[PDB]
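Just so we're on the same page: letters track the sequence lines, and every chain starts at 1.
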Amino acid sequence: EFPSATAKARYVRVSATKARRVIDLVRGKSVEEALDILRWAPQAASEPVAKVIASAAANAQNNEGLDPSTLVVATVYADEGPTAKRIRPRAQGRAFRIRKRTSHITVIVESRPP
Amino acid sequence: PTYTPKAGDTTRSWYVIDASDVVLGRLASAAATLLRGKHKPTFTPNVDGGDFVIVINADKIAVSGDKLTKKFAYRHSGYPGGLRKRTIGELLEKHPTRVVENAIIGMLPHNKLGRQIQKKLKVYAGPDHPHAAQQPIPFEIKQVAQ
Amino acid sequence: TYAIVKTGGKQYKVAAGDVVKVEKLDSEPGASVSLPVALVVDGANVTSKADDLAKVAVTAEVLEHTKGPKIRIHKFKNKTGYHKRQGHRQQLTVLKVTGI
Amino acid sequence: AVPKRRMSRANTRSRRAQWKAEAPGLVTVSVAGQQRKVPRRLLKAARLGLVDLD
Amino acid sequence: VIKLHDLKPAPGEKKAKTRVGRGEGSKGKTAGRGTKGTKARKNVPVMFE
Amino acid sequence: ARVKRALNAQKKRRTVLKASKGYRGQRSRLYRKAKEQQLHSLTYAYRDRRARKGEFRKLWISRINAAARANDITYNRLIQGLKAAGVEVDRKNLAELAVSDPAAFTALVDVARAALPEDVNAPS
RNA sequence: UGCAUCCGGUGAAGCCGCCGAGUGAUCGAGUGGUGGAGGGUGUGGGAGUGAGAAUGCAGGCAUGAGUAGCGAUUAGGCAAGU
RNA sequence: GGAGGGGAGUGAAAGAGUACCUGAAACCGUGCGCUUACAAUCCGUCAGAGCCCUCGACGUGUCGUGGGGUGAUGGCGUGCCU
């Protein structure tokens with residue numbers, strides 16, 4: 001067990017698959033390494049995920065009083081949030097559904113020692 | 001309850017069969033028996049508790065009738081017209097051990113445990129084998145009477 | 001030593017102190033039933049003759065009457081509508097063998 | 001054409017795992033004194049100053 | 001003393017309604033009509049042969 | 001009165017889905033597909049409880065045959081000799097002896113070989 | 001629902017479980033968790049009383065799939081800015 | 001940047017945060033245990049190795065009237081409805 005701090009970005013306008021694609025690069029990694037990865041990652045979901053990780057880090061630093069050096073992304077997961085529905089019109093009068101998916105990106109950083 | 005082997009009960013013994021003037025199916029049935037473990041009272045059909053079986057002088061196996069020329073070992077490549085047949089004499093002069101192998105493999109179960117049991121089968125065309133360190137017991141193919 | 005005790009229309013290999021589940025006996029816990037045998041093995045010597053065995057019994061203390069596992073039957077035949085649910089807990093007795 | 005049957009969870013996930021991202025390999029750079037991490041592709045431009053290091 | 005909770009119908013006075021189409025352990029899936037025909041969805045007149 | 005049937009309905013669903021743990025895919029997750037398998041599963045269990053007696057008999061026989069042929073006798077003549085000697089021992093315990101008391105098995109083999117005739121292939 | 005009883009903010013129902021029970025539908029005045037306000041039992045009365053199927057209806061969610069496509073026949077680019 | 005969140009506070013309760021009573025399932029994830037990359041699987045059943053957990057006992061880890069989860073492997077096995 002370790003001291004920890006959490007963050008959640010709820011109702012993010014990206015899909016949970018496209019969030020997981022980048023989360024899987026940073027799970028278990030240090031916060032510094034994770035933020036660098038997500039900085040230099042071409043995927044757009046890297047930005048929200050990095051915002052959340054930075055938020056949890058700053059929460060550990062300010063609210064909980066932990067050194068940002070010792071921080072690891074001990075847990076992180078995206079959850080398929082709400083899903084707005086739209087109608088794309090198509091050929092021959094038919095109407096296909098479009099799903100604007102959202103995600104809840106939850107991060108829990110731990111201050112594991114070296 | 002009824003006995004089941006547990007992780008160290010499977011003892012392995014090495015047997016060696018001289019296949020000189022011995023009938024092919026006779027030998028193969030005996031060897032499959034030993035390889036499966038039917039000769040053992042610890043026999044459990046979900047366990048390869050059998051014994052290792054060396055076969056020597058496989059080239060001197062005995063085949064009755066015109067089987068040496070009119071029994072074919074067939075094989076398919078997966079391709080059309082990819083049926084290649086080879087008689088038992090052709091197979092004996094090319095790859096001697098293959099006839100004894102194929103016989104035993106057919107006499108064995110066609111399953112994952114059968115595959116595991118094949119590994120205990122060693123077949124050699126001469127009278128000599130390298131598995132002497134294992135101290136194999138000679139196994140004469142008897143017939144229990146009644 | 002050990003023996004092969006006949007009871008419940010079946011046979012059970014037992015020795016003294018061995019606890020065995022058998023079919024229901026018309027007895028009560030703490031009672032000491034005496035059961036016939038089919039074979040006795042006092043190590044090497046093997047008693048197998050019927051008279052020599054009928055001169056022998058096996059004492060066993062009834063510990064408790066119990067019930068076996070729940071068998072759940074659901075007979076089914078396709079395209080008929082035939083289902084038939086049924087259950088079973090077989091009554092059993094636990095015997096601790098005490099002497100042979 | 002169309003899919004005859006609902007793909008099982010196992011197979012769906014078996015290939016959906018292949019839709020991943022290769023993370024970029026990073027290297028250290030000492031621009032403005034600080035040690036930052038960039039790609040080796042961008043190392044030169046970072047030494048120069050053509051890399052927005054947020 | 002005889003209260004309202006002591007009142008019971010006589011034996012055999014009340015037979016349970018048979019409920020058809022409520023499972024194959026009962027008069028289910030056809031309601032005793034069989035498979036097909038006029039008699040599977042309608043009733044035939046008595047004045048008809 | 002109007003009856004919301006979810007309350008009575010979900011019971012069989014809970015039952016089936018709790019019985020269908022360990023199943024792959026839909027068969028563990030969905031009532032309609034777990035139900036299909038619980039039919040097959042309990043049919044198979046009923047069948048197999050009765051075939052289990054045969055399978056264990058087959059196993060015991062295999063082991064007895066092995067031990068017997070190690071004592072230089074066939075299973076059939078062993079059974080013949082035991083029935084002639086009045087040994088009511090069952091194949092389960094014979095197999096257990098063959099595994100655990102080979103000496104006692106040899107003793108029973110000697111008993112059976114004695115009780116056999118002098119020409120087993122004679123009408124008598 | 002009639003009647004008679006009983007439980008309940010010292011935590012009802014519902015839901016999730018554990019431990020179990022019944023020949024079966026199923027049970028649990030056995031237990032914990034969640035939860036927050038009505039329920040259980042017996043005896044009768046009445047039913048919008050039990051769904052897995054109707055190319056069933058409605059909602060939600062999957063599979064395909066992070067796939068196709070991102071809508072002409074002109075073409076965008078650099079610098080600077082915000 | 002905001003959205004959203006974390007501390008702090010209100011509240012009996014924020015596992016009541018204007019997306020809000022309870023908050024099932026499908027569905028989606030994360031984590032732990034077991035298993036699986038020589039194998040032909042109506043997907044289960046019966047037997048069952050090994051691993052893990054648990055309850056008791058003695059003695060100090062092997063045994064049991066045991067219970068569970070996994071399942072190597074073997075046998076059997078042609079979905080439901082109409």
Side-chain angles (χ1 to χ4, degrees), chain A residues 5-13 15-18 20-21 27 48 51-52 55-56 58-60 62-64 75-80 82-83 104-106, chain B residues 2 4-7 44-48 109 111-113 115-116, chain C residues 19-21 63-64 66 70 73 78-79 84-89 92 94 96, chain D residues 2-3 5-8 12 15-16 19, chain E residues 3-9 14 17 19 22-23 25, chain F residues 1-3 5-13 15 21-25 27 29-33 35-37 39-49 51-52 55-56 58-59:
Chain A
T6 184
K8 322 188 180 45
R10 288 162 54 75
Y11 312 101
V12 180
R13 305 281 180 173
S15 81
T17 58
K18 280 152 178 173
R20 286 160 193 158
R21 182 161 62 156
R27 200 178 277 107
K51 299 282 270 284
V52 178
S55 186
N59 290 347
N62 186 87
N63 302 349
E64 296 292 324
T75 312
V76 54
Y77 52 83
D79 294 339
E80 174 48 28
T83 289
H104 307 342
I105 295 102
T106 301
Chain B
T2 292
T4 47
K6 304 213 181 281
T44 315
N46 75 310
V47 179
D48 54 353
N111 56 19
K112 317 183 218 303
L113 190 55
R115 288 186 261 293
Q116 284 286 5
Chain C
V19 194
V20 310
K21 296 185 188 139
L63 296 168
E64 67 180 31
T66 180
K70 194 71 162 61
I73 298 98
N78 64 341
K79 311 196 166 53
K84 188 184 151 280
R85 297 163 195 67
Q86 168 159 15
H88 214 76
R89 290 210 82 189
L92 309 155
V94 189
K96 185 167 58 44
Chain D
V2 312
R5 310 189 195 287
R6 177 164 184 164
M7 179 175 273
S8 89
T12 289
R15 54 166 179 72
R16 189 173 280 165
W19 187 76
Chain E
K3 292 284 285 286
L4 289 155
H5 62 263
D6 292 356
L7 298 169
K8 313 184 171 228
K14 301 284 174 118
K17 185 106 199 175
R19 293 180 70 228
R22 299 294 193 282
Chain F
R2 184 159 188 279
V3 191
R5 83 203 207 202
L7 185 52
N8 171 42
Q10 279 262 23
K11 290 166 182 189
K12 50 176 156 66
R13 300 185 199 158
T15 314
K21 305 296 201 80
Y23 292 9
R24 271 173 80 93
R27 289 167 219 250
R29 297 172 167 80
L30 322 182
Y31 169 59
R32 277 160 87 273
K33 309 292 172 75
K35 190 188 163 178
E36 287 179 38
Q37 202 63 48
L39 298 177
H40 290 293
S41 276
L42 268 53
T43 292
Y44 289 151
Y46 175 85
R47 178 200 72 171
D48 289 353
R49 276 191 291 277
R52 173 173 69 200
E55 274 199 54
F56 271 100
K58 170 179 287 214
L59 167 61

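- The side chain of D/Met7 has G/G64 as its nearest neighbour among G/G24, G/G64, G/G52.
- When heavy atoms are screened at a 4.0 angstrom cut-off, F/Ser41 is found touching the sugar-phosphate backbone but no base atom.
- Comparing the same atom, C1', in H/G29 and in H/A37 gives a spacing of 25 Å after rounding to whole Å.
- Comparing E/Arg22 and D/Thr12 by the nucleotide of RNA chain G that holds the closest heavy atom to each, the one mapping nearer the 5' end is E/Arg22.
- With a positive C1'-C2'-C3'-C4' torsion, the sugar ring of G/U26 falls in the north range.
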Working for side-chain contact (heavy atoms from CB on, under 4.5 Å), residues B/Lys112 and B/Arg115: CA-CA 5 Å; B/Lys112 317 183 218 303; B/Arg115 288 186 261 293; 3.9 Å; yes
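- Bases of consecutive nucleotides H/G71 and H/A72 are unstacked, their six-membered rings not being centred less than 5.5 Å apart at a plane angle below 30°.
- Taking 90° from 0 as the syn/anti boundary, the base of G/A51 is oriented syn.
- North puckering is assigned to the sugar ring of G/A13, since its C1'-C2'-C3'-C4' angle is above zero.
- Distance CZ (E/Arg19) to P (G/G46): 14 Å, rounded to an integer number of Å.
- One P atom belongs to G/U63, the other to H/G74, and the distance between them is 34 Å to the nearest Å.
- Glycosidic conformation, G/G77: anti, with the torsion outside 90° of 0.
- The torsion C1'-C2'-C3'-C4' is the criterion here, and for G/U23 it is positive, giving a north pucker.
- Residues passing the side-chain hydrogen bond (donor to acceptor under 3.5 Å, both in side chains) test with E/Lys17: none are found, sequence neighbours excluded.
- In this structure, F/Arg52 and B/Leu113 both approach RNA chain H, and ranking their closest nucleotides by distance from the 5' end singles out F/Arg52.
- Looking at A/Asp79, A/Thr106, A/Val52, A/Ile105 one by one, the single match for side-chain contact (heavy atoms from CB on, under 4.5 Å) with A/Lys8 turns out to be A/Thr106.
- Without both a ring-centre distance below 5.5 Å and an interplanar angle below 30°, G/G30 is not stacked on G/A29.
- Remark: the E/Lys8 side chain and the G/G44 base include no donor-acceptor N/O pair separated by less than 3.5 Å.
- Rounded to the nearest Å, the gap between the P atom of G/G40 and that of G/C15 is 13 Å.
- Counting non-hydrogen atoms under 4.0 angstrom, E/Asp6 reaches nothing in the nucleic acid.
- Taking 3.5 Å as the limit, the base of G/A51 and the side chain of F/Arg5 contain a donor-acceptor pair of atoms between them.
- Using the Watson-Crick or G-U wobble rule with both distances under 3.5 Å, G/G60 pairs with nothing in any strand shown.
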Can you list the steps and then say if F/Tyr31 with F/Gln10 is a side-chain contact (heavy atoms from CB on, under 4.5 Å)? CA-CA 10 Å; F/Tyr31 169 59; F/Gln10 279 262 23; over 6 Å; no
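- If you check G/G52, G/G66, G/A51 against the side chain of F/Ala9, the one that comes closest is G/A51.
- In H/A39 the base sits syn relative to the sugar, since the glycosidic angle is no further than 90° from 0.
- Here H/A14 has a south sugar; its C1'-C2'-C3'-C4' angle has a minus sign.
- Looking at heavy-atom distances under 4.0 Å, A/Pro48 makes no contact with the nucleic acid at all.
- As rounded to the nearest Å, H/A72 and H/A49 have P atoms that lie 13 Å from one another.
- Environment of CZ in F/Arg49: crowded, with over 12 heavy atoms of neighbouring residues, nucleotides or ligands closer than 6.0 Å.
- If you check every strand for non-hydrogen atoms under 4.0 Å, F/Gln37 touches sugar and phosphate atoms only.
- Contacts between chain F and RNA chain H, taken as any atom within less than 4.0 angstrom of a protein heavy atom, begin and end at H/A26 to H/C80.
- Of the candidates G/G45, G/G66, G/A25, the closest approach to any side-chain atom of E/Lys14 belongs to G/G45.
- If you check every strand for non-hydrogen atoms under 4.0 Å, B/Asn111 touches sugar and phosphate atoms only.
- Using a 4.0 Å heavy-atom criterion, one finds that C/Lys70 contacts the bases of the nucleic acid, with or without backbone contacts as well.
- Of the possible donor and acceptor atoms, one in the side chain of A/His104 sits under 3.5 Å from a partner among the backbone N and O of A/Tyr11.
- Under a cut-off of 6.0 angstrom, the local environment of CZ in A/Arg13 is sparse, with at most 12 non-hydrogen atoms contributed by other residues, nucleotides or ligands.
- G/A62 sits 15 Å from G/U67 when the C1' atoms are compared, rounded to a whole Å.
- Comparing F/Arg29 and C/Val19 along RNA chain H, the residue whose closest nucleotide (by nearest heavy atom) sits nearer the 5' end is F/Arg29.
- Within the 4.5 Å cutoff, no side-chain heavy atoms of F/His40 are placed close to those of F/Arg27.
- For F/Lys58, the NZ atom counts as loosely surrounded, since its 6.0 Å shell holds 12 or fewer non-hydrogen atoms of other residues, nucleotides or ligands.
- Using a 4.0 Å heavy-atom cutoff across all strands shown, F/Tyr46 reaches no nucleic acid atom at all.
- In this strand, G/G42 stacks on its neighbour G/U43, with six-membered ring centres under 5.5 Å apart and planes inclined by less than 30°.
- In this step of the strand, H/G7 stacks on H/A8, since the centres of their six-membered base rings are under 5.5 Å apart and the ring planes meet at under 30°.
- Heavy atoms of C/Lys79 sit under 4.0 angstrom from at least one base atom.
- Nucleic acid contact for E/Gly23: none, since no nucleic acid atom lies under 4.0 Å from a heavy atom of the residue.
- If you check every strand for non-hydrogen atoms under 4.0 Å, C/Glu64 touches a base.
- Pairing check for G/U10 against G/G17: the Watson-Crick or wobble criterion is not satisfied at the 3.5 Å limit.
- Note on A/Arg27: only backbone sugar-phosphate atoms sit closer than 4.0 angstrom, heavy atoms only; bases stay farther off.
- Under the 5.5 Å centre and 30° plane thresholds, the six-membered base rings of H/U41 and H/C42 are judged not to be stacked.
- Applying the Watson-Crick and G-U wobble criteria (two distances, each under 3.5 Å), G/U41 pairs with G/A4.
- The partner of H/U22, taking Watson-Crick or G-U wobble pairs whose two distances both stay under 3.5 Å, does not exist in any strand shown.
- A/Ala5 comes within contact range of no nucleotide atom at all, as no heavy-atom separation falls under 4.0 Å.
- Ranked by how close their nearest RNA chain G nucleotide is to the 5' end, A/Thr83 and F/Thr15 are led by F/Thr15.
- Pairing status of H/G56 against H/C63: a Watson-Crick or G-U wobble pair, both distances under 3.5 Å.
- In this structure, A/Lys18 reaches the bases: a heavy-atom distance under 4.0 Å links it to at least one base atom across the strands shown.
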